[PDB]
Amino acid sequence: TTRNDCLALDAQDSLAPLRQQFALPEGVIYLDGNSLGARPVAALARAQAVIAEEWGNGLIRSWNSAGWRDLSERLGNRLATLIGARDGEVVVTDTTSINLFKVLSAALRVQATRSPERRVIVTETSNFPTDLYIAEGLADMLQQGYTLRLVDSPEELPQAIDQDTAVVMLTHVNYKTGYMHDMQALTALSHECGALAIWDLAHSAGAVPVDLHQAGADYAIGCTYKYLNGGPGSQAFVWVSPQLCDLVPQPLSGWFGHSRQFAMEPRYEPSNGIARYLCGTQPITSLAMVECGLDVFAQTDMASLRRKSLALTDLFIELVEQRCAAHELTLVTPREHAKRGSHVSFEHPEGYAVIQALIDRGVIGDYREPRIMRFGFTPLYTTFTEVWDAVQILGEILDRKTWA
């Protein structure tokens, strides 16, 4: 592959116009949109309106006159289009850690009636730390004998899922390796074994095709600030299968989840449907900007984005081997597309130092322990040519030992 081949790929790229809907800083090749999505141009004006007009002038009236009262649900309805969910099934609220607590609590309470004695939550050792920590906090508070089974690889999951399994809790795309689980198959296997399946979509929603209904998933959660480009710390989302949602309340039972059809008397009464997963007053300025990120996706579809994403990661892996073969890089992301998300990770003995030398030259990925260099490929605003230019900078750094 040559630079000219990459320039041609960009010329043929039907998604090219969508890049213009983002305000990217000059000179930067941003390969960390899997950790903080780049900014849609419209986010600035949207926030200016929330602040100056809705808050500043409307004040408390804006709960009605600016639509704030149903923002979590309208945003959920938009996001649903990207994950095989329907209207009235998704809300955007709180954070991924919090939402996981809500659905894991709901799942264990469903299984306490259905199948008591089931006490194990199966997951992976390399799961995103907060998912582990939240599951550990919940189990520690409940007692007992709720315990966590950490499995050291994806292939060991089937033997760890058995009659003792209350819940299988997995992040669909591994935050370190970029390995992608087969959602439908691991869900079917969880159900076969009697367990409910909870999927963290942080590295999936807006990155790869997801269809929660088709997969038979029970609960899901994820972030809007990564591939969905919602802004820094923008609120997470939660989806619950209509089969399960109204069976039990979730424990973070704040007033926004109270039924809207009856007055707020001393006794909590949950809303029918997903609105029961609402809790408290949401940071509105940050919440409103989620819309700007979602709006860009409306101009294409996840099949088209998946296609460009695979072309970008294929190109990155190929170019790194082509240009940097004579250095000590080890691919940790699967070569096989069905097991691949939208990022690529290489290990390197001085991976931290190389990542910082790259950042020092405007090529921004990130470092994960141990020794992993992670690069996210975001087809909405990443070009093929900038992949070439990024690898050339990496090659220059490695050849010159700039990292030292």
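Numbering starts at 1 and runs along the sequence shown.
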Higher average CA B factor in the deposited record is what I'm after, so tell me if that's 215-223 or 326-334. 326-334
Output the stretch having the higher mean C-alpha B factor in the entry; the candidates are 23-31 and 45-53. 23-31
Go through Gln299, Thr125, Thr81, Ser72 one by one and give the residue whose Cα B-factor in the PDB entry is largest. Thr125
Just to confirm, going by the entry's C-alpha B-factors, which of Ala85, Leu312, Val210, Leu157 comes out highest? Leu157
Taking the values exactly as deposited, rank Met289 by C-alpha B-factor within its chain and report the matching third: lowest, middle or highest. lowest
Considering every modelled residue of the chain and its Cα B-factor in the PDB entry, is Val173 in the lowest, middle or highest third? middle
Which third of the chain holds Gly76 when residues are ordered by C-alpha B factor: lowest, middle or highest? lowest
Chain thirds by Cα B factor, record data; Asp366 belongs to the middle
Taking the chain's C-alpha temperature factors as the reference, tell me which third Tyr133 falls into: lowest, middle or highest. middle
